[PDB]
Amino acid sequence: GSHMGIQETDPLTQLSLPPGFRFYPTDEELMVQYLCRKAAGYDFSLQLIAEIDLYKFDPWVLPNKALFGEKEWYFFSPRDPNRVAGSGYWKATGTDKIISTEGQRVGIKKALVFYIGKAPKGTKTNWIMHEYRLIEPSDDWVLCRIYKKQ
């Protein structure tokens, strides 16, 4: 009959963010305010960053799966070398960083780069992932920042 459209929820508009405010979290904030508080069920933590299985997708599709973002995008992905995703694989790079809060260490940040193809014969892309994980024993998520270098 009469038309009834779908009514999406933009999480930034429900926060009433004033113009000019952007999401530029520190590593400590990502660990404590997002990754840790997700486990505790805090509203903003659950509503601002989307859960996805990151390894089902090519990275250039990810910006469209993120709840927001201009040149970087954040996700929670299930916690689990050269892991396959879409048409390629993510390869760990650089030196992992320990993240601390109030003298205590809480998480580890790992950098990865996406290669297109089949390992170890893929070609490097500009797609970068920073994977943040809690230091804890064996729901279970990592928080990932995705961006394109340049």
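Just count from 1 along the sequence shown to find any residue number.
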Practice problem: Look at the stretch from residue 80 to residue 81 and count the residues of the deposited sequence that the entry does not model, then pick none, 1 to 3, 4 to 9, or 10 or more. | Solution: 4 to 9
Quiz prompt | residue 138 to residue 139: deposited residues without atomic coordinates | solution = 4 to 9
Practice problem: For the higher mean C-alpha B factor in the entry, choose 4-12 or 140-148. | Solution: 4-12
Practice problem: Read off the CA B-factors in the entry, average them over 116-124 and over 97-105, and name the higher stretch. | Solution: 97-105
Quiz item: Say you rank 43, 70, 58, 29 by Cα B-factor from the PDB entry; which sits at the top?
Solution: 70
Quiz item: How does residue 50 rank on Cα B-factor within its chain, lowest, middle or highest third?
Solution: highest
